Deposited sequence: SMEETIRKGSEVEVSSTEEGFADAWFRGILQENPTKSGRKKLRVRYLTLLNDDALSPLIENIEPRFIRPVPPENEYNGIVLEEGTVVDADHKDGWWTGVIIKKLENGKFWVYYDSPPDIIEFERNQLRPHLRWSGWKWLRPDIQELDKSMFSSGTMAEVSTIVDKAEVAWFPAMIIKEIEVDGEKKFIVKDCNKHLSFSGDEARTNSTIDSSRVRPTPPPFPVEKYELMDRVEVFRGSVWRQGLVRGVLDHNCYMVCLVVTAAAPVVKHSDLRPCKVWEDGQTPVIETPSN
């Protein structure tokens, strides 16, 4: 029932585009001529028309066809890129109402507001179809799971670095993890690639250890710079505070109880050393 004025969604012919649907305005009544709704477009300059197989064309799904579907973990959804919709799976619903959506090429995880999402639907050429809810991995290092990545500072120090696990892949029989640094402030121009990292470099987030007291000399881990670094409790200070010094030696600054971690390690189970 497409008409000349109809907004329309056109499928991606190209690689790395498998899961997109672009916004367009059809210029024809039944290849077909479409003008793409693009960002940074002033209507002042004459639009550009591309010709598409009706094969790669579908109508915009009407709201009533998908307004009944609830957004939960495993729900296939589309994210509004304004000029287009990008399809992925919801892997976390946060209590604040935000969502974490996964994409598989390149593998990435993005946080969205509810308004930026719609449930995904498929056009048969005849009618709309609801996709199945997707089973989710909740393994130890499932996607979205927060872990720590080993790093070396300068010559020899072993520092641990918080990162989200995007995907676990195998490369030539070697377990690898694609990981994301969730602590960087990115600009709009900045919004960027995840790094692939050997399995040996990745460990779980250390479970919490309450201590309630620390004693001088203790090996301890404090988050300095933006990595966890090893240190020794030089001083015990008024009320709950400590003077910590890192194993490379520079100076000692005050630290609070909260910011200290029992220095722990993971080799099979989790143990000191």
Q. Which ranges of the deposited chain go unmodelled, in order along the sequence?
A. 1 to 4, 35 to 40, 202 to 203, 286 to 291
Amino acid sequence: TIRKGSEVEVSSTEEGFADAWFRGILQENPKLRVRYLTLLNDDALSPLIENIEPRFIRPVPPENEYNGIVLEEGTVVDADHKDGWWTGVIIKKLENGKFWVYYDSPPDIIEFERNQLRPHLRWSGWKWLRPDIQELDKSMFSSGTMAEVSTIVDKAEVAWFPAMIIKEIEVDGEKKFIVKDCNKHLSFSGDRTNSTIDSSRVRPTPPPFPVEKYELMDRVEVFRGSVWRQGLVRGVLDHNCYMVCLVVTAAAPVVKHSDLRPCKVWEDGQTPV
From here on, numbers count along this sequence of modelled residues.
Q) Given the B-factors recorded for C-alpha atoms, which segment has the greater mean, 234 to 242 or 63 to 71? A) 234 to 242
(Q) Mean Cα B factor from the PDB record: higher for 80 to 88, or higher for 146 to 154? (A) 146 to 154
Q: Place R23 in the lowest, middle or highest third of its chain's C-alpha B-factors, as listed in the PDB entry.
A: lowest
Q: Divide the modelled residues of the chain into thirds by Cα B-factor and specify which third, lowest, middle or highest, holds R192.
A: highest
Q: Using the B-factor values recorded in the entry, state whether the Cα atom of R58 falls in the lowest, middle or highest third among the modelled residues of its chain.
A: lowest
Q: Would you please rank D181 by its C-alpha temperature factor against the other modelled residues of its chain and give the third it falls in: lowest, middle or highest?
A: lowest
Q. Going by what the PDB entry lists, where does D108 fall on CA B-factor within its chain: lowest, middle or highest third?
A. lowest
